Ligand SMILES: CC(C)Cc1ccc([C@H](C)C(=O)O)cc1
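What follows is a single chain, given as structure tokens, in the form deposited without ibuprofen.
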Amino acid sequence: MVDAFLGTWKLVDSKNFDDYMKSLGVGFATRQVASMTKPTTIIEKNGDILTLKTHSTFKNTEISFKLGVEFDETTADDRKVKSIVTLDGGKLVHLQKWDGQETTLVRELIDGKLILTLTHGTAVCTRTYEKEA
């Protein structure tokens, strides 16, 4: 019923992380500070509205949305994108698009361990979160 996604998550591992930010053309400087960190994600429902908090010593972000309703967003890479978040069968999918090109932040539950796969063209990353109270 989507509620398994709620709570506070903590990074416990990540592989290919760096090739993903190079493929989006993120700067080394930026790439390395933010690659050394282990952030805390929060997933929060509020009626219709959800929210993705990112908490790292590097960046702090909150985005609220309705599922299936598109929105404008600037990332922390500064690209104006068109974004939409959906639920495709217990896979939470965040699509981001701009000028004929795009990227996917897909967040599943495999174990009780939220996996987030990150696909930008021929460039894939996996990042595992564990739950907290």
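The first residue of the sequence shown is number 1, and the count goes up from there.
From this point on, the text means the form deposited with ibuprofen bound, which you will not see here.
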Discussion item. If we define contact as a non-hydrogen atom of the residue within 4.5 angstroms of the partner, is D77 a contact of ibuprofen in the deposited complex?
Written reply: yes
Practice prompt. Consider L24 of the chain shown here, and say whether it contacts ibuprofen in the deposited complex, taking contact as heavy atoms within 4.5 Å.
Written response: yes
Worksheet item: Even though ibuprofen is not shown here, does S83 get within 4.5 Å of it in the deposited complex, heavy atoms only?
Response: no
Worksheet entry | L92, heavy atom within 4.5 angstroms of ibuprofen in the deposited complex | no
Worksheet item: Hey, which residues along 42 to 63 are within 4.5 angstroms of ibuprofen in the deposited complex, non-hydrogen atoms only?
Response: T54, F58
